[PDB]
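Alright, two takes on the same chain below, each alone as structure tokens: structure 1 and structure 2.
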Structure 1
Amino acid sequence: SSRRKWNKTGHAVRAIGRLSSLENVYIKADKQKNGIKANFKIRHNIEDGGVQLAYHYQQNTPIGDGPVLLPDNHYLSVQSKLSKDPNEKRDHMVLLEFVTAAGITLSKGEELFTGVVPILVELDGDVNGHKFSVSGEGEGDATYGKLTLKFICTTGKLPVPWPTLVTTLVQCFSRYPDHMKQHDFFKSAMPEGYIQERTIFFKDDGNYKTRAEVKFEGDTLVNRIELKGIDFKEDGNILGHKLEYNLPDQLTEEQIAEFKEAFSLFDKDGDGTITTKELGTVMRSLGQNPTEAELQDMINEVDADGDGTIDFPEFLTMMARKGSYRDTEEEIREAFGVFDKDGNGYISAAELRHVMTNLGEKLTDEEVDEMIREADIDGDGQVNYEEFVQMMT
């Protein structure tokens, strides 16, 4: 009962947190090279709690002379599942991906991706002097933005965690909606292909420099990559293999139920969609003052159909992703600061009362005190950072 209030409010706060962040693959045109630039952020869960961030900068240039499509600013959204082959002795990765383009509200090479295309991947790498090779094969179905691939480390033991290689290991398989067909540089550069260059900064650790050639060889789409890693800590999350491999399908029906409870705090008229006005209302009642522009930006970050609203499914998707990948300490501390309005490091009854009252949740002072009780571990009559965290898991 009180836990439900903590989780509902918590989920609402973390939802605004997510809508404030930039979690997609952001693509912009680069006229100087008739290609595109991209930038994005990857969250890698750390085995025993915590998250390792990987910041990506990306550049793509066509290989051929033929005309290509230069996109308006937009993004790709990616869902990955990593798994193992039960009958594989070798160090390997089974990878399933769904990639979809969005971010804009409501070519010849494209023809090559109408059906299922075979894929081959070859990677030679060197990180802090630890050399390795990866070879992968599978297929892509751009109609659904689907990729399915199996990768083998052909030199024995992979000296870095599989998850860190994923973004390096064919964005031409992304699904562009009809109203965005003209923004698909990747397919447009086919069959001759493109060079794709990245630098990937692992926070508080080393970096990768990758150069890859993505093109058709016969009927097969082939990605050939070289990767150099430097400045890695030998006992860090990467070289020390401290990153989790997979996340669960989870979503205990109770979790979805909680997501829905959070959703209905935003959807105050119960039409199954959240507007800029609704998102705004909640944000203000939490003590923020975003402008209409910002509201539109936040919605566009998750607005799959481009209708300018967050509908219930889009919200569920957003929350499922937010539940998969852990938040940084700073993010949790900001969430905390939403309650800890004086910044003293402690959530007092008066503060929790201010929040719940402004939120519209009408309860008695005794109910507030009960919430504090449910949260209070050490018994000081307040909620501190650590208690907050242990509450929001």
Structure 2
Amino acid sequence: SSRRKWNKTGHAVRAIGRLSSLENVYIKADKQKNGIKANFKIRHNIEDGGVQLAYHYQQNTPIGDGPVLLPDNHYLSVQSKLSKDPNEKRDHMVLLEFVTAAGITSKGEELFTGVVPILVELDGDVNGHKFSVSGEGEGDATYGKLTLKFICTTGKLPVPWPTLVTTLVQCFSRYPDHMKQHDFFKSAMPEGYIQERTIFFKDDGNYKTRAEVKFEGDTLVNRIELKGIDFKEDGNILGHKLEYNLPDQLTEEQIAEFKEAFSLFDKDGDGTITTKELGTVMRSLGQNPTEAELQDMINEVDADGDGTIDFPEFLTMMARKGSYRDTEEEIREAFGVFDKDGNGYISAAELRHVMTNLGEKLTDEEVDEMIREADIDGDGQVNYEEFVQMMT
């Protein structure tokens, strides 16, 4: 009776917790400044327990005089992975990021068709501590992918790296087709835009940031001025009490593998999988589902609702871990897909058949290398056990 009450009440409270802990970047139109406004919350993990909240308030205004796109209300969804370079002696941060736009049922965008080089430069002043950061890398709006390496050019960074992430190129967000007209960021290019923020760290000081985001030649440049005030000396920021990265995250190798796998489905390379492409892939493997069935298949994983599957969605589908029995069975059926004649052994010809039909061109020697990598008993083919050890 008492335990039932405690448990149910706890369930309700935690439910309210999960429902109102959204970390999305919320974007509205700022029609007076002819740009946009944004607001969101960042939750940093504190060493040995706790969370440091950072309230982001944001405004963006066009640099040029050309017409821009003023969006209806929508949001950006962001995934971030922070990592270190073992061969680096300088205070630094390796950053991988995926940003995709949702929330709804130009010339500048043409500048973001392929991979674009990125230069980031920041000069900061937190409680009198001057510092500088230089970063560089690549952005691919197609997949909404960002990959950069930042370095503190003034020695040791006086603030934790995660506090600078949101400050250190939203023009590389992937906007689905039905939302192409709501992309302010790309529409402001090549002239670019000014992005200003106030970031309030709960029970601590705040950042004020002003940034110029524009094309300089072929390079997307983000030049930043940051000013931090009212920070406590032994707070989570100046005291460096924030964790660098999260656990339970996919390694960049996992993400790479999933990226190539996704590339197998994504035929035109527009960064998303349609029913036509999935149907093509399945038809190549001998399965012929109908259009209705294909749409029914897409809808199950189409989280942001656009009738297709982008790369973060594919990532979510393939990172979702079920029961161990589910995994085992998934592997068994996969083996079923590889073993065409159902004779219990995957031959080189069958592996090559599956991979070629998937879209991957590979030679005799490569297929042979794969077989050799898997062939434990050395009989020239891959049985179920070997396949499982290869898949686990």
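One-based numbering along structure 1's sequence throughout. The term rigid core refers to the most C-alpha atoms you can superpose between the two forms while keeping them within 1.5 Å.
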Self-check item: Option from 63, 38, 70, 356 moving between structure 1 and structure 2, CA shift at or above 2 Å, rigid core reference
Solution: 356
Practice problem: Answer yes if the CA of residue 178 moves 2 Å or more between structure 1 and structure 2 after aligning the rigid core, and no otherwise. | Solution: no
Exercise. Return yes or no for residue 343: a CA shift of at least 2 Å between structure 1 and structure 2, with the rigid core superposed?
Key: yes
Exercise. Would you tell me if residue 233 moves between structure 1 and structure 2 by 2 Å or more at its C-alpha, with the rigid core held superposed?
Key: no
Practice problem: Give the C-alpha shift of residue 307 between structure 1 and structure 2, in Å, after superposing the two forms on their rigid core. | Solution: 6.8
Exercise. Having superposed the rigid core, state how many Å the Cα of residue 210 shifts between structure 1 and structure 2.
Key: 0.2
Self-check item: C-alpha positional change at residue 18 between structure 1 and structure 2 - rigid core reference, Å
Solution: 2.4
